[PDB]
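Below you'll find only one chain, the form deposited in one PDB entry, shown as structure tokens.
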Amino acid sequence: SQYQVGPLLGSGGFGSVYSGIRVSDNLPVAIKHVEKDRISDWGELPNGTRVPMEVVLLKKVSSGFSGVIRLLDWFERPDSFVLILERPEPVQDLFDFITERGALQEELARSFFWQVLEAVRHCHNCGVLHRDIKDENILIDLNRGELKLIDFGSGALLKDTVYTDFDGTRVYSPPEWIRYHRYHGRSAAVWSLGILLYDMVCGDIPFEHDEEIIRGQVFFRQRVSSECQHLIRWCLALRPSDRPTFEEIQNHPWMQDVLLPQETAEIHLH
């Protein structure tokens, strides 16, 4: 009615995502159907309405501009919720991008990683923990060179105490989760960021099995500068408290002289 539904973009047990167009202005959107009986975590709006937590989280971060995909609207159905999400065009997710082009040049990896950090910082500042940071949940606006974080379906309100639930991606999950089913938000995020950064510069993730994660030894399969290797190994410290803060990551020498998004697009995407 209010949207022209296009092709399916992806699906899972959570539900399904379609490309779409808002009739009123031809604005590109994504349409996410979320099955009610597969929602683990429910939240509340002021009005008291139960909604998926993702709706709560998205509202907390969809204020203003950011590298987070914005929730434009949402609807309730008898057995599902429907989320209307911002859709840049043309886009490609980071997983497909790395698949097509292999390991990224460090200058490009630096630009992308920096934008992800800024997006994650925005989330934390808004009281939101994403909990599933990975290449598939990152969209690249190919024209503007801007990255967007998506899928807060595994996320949670940020807190300073321990989390005992996790339904994000295992190979991006920290050793303390694998072992003790316990983690703290920021340090677990930093671990996933380490996995992400390795993924960008090596063209694949560093760990496949639980035992490799808890061993935490990083082998580099591509030529990577010593500074980048150092940042990666720091983010992947076995002890959570040994991991850097976001500020320490962004002040790391490897992170200096980041390209602007449009510069990034001009050199690397055009």
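Start at 1 and count along the sequence shown; that's the residue number. Note that the rigid core is defined as the largest set of C-alphas that superpose within 1.5 Å between two forms.
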- Note on the structure: Once average C-alpha B-factors are taken from the entry for 185 to 193 and 96 to 104, the winner is 96 to 104
- Higher of the two mean Cα B-factors (247 to 255, 8 to 16; per PDB record) comes from 8 to 16
- Message: According to the Cα B-factor stored in this entry, which of the following is highest: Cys235, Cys202, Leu27, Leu57?
- Response: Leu27
- Query: From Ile31, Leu231, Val51, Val224, which pick has the Cα B-factor that tops the rest in the entry?
  - Reply: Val51
- Among all modelled residues of this chain, ranked by Cα B factor, put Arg131 in the bottom, middle or top third, i.e. lowest, middle or highest. lowest
- Binned into thirds over the chain's modelled residues, the C-alpha B-factor of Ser173 lands in the middle
- Relative to the other modelled residues in the chain, which third contains the C-alpha temperature factor of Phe75: lowest, middle or highest? highest
- Task: Among all modelled residues of this chain, ranked by Cα B factor, put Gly64 in the bottom, middle or top third, i.e. lowest, middle or highest.
- Result: highest
- In terms of the chain's CA B-factor thirds, is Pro46 lowest, middle or highest? highest
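Below, we refer to the form deposited in another entry, which is not included among the displayed structures.
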- Any idea which of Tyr18, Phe14, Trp254, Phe246 has its C-alpha shifted 2 Å or more between the shown form and the other one with the rigid core fixed? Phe14
